[PDB]
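What follows is one chain in structure tokens, specifically the form deposited in one PDB entry.
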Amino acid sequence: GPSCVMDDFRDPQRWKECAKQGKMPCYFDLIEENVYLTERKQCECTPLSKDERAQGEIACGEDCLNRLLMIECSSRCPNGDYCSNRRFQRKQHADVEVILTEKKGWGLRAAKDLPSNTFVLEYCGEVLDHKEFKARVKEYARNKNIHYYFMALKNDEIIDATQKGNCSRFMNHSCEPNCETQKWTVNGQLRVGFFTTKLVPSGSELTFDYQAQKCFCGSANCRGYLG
């Protein structure tokens, strides 16, 4: 299968030409952060010393109060630049490639070994209210779309990556997945990202459990249909 790197999506003209010859997926509008279709209405970690930073100690690691609350730190974190709990904000994504699968369309694969319980990518898109979601559901069905790109975020917010999003929109479903979603608060706004739940070796497809298309995940426990 052909593959491509995330940076290949930054050049719209080369992409559209790659897409014409099947070497990249269909064009979509690449975004860095969620766009609201309709606009809506500090931890206790001790600052690491310069010595500790040099020693390789982690700032705002597993014991960070904000991290436990699933809240990212701000620029005002006691650890400032060294804070490791600003992953969404700093786009500290995993090394992933977009690949053409045998029967699912395009997907995502690990380009390096990915440790367990690490951030992969944020699921970005157009954030829809209930009314917008209703309309998009109807439109996509009218247009006979094969692939769907919806992800519930919170009450009255559903992310739609069909038209605008990032490479997260390519992560396929598996009944025995190696990633999960987590909803994180950044500056009082909720976002959602993919995180590994296992060590994913280099070359392996990244998958999550979506929640009537037959399922081609290939798992021994396959539930047979996407759900």
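Heads up, when I say rigid core I mean the largest set of C-alphas that superpose within 1.5 Å between the two forms. Numbering starts at 1 and follows the sequence shown.
Missing here is the form deposited in another entry; even so, the following discussion is about that form.
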When you overlay the rigid core, is the Cα of residue 49 off by 2 Å or more between the shown form and the other one?
yes
For a quick test of reading the superposition: does residue 147 move by 2 Å or more at the CA between the shown form and the other one, rigid core aligned?
yes
Note yes or no: does the Cα of residue 90 move by 2 Å or more between the shown form and the other one after the core is superposed?
no
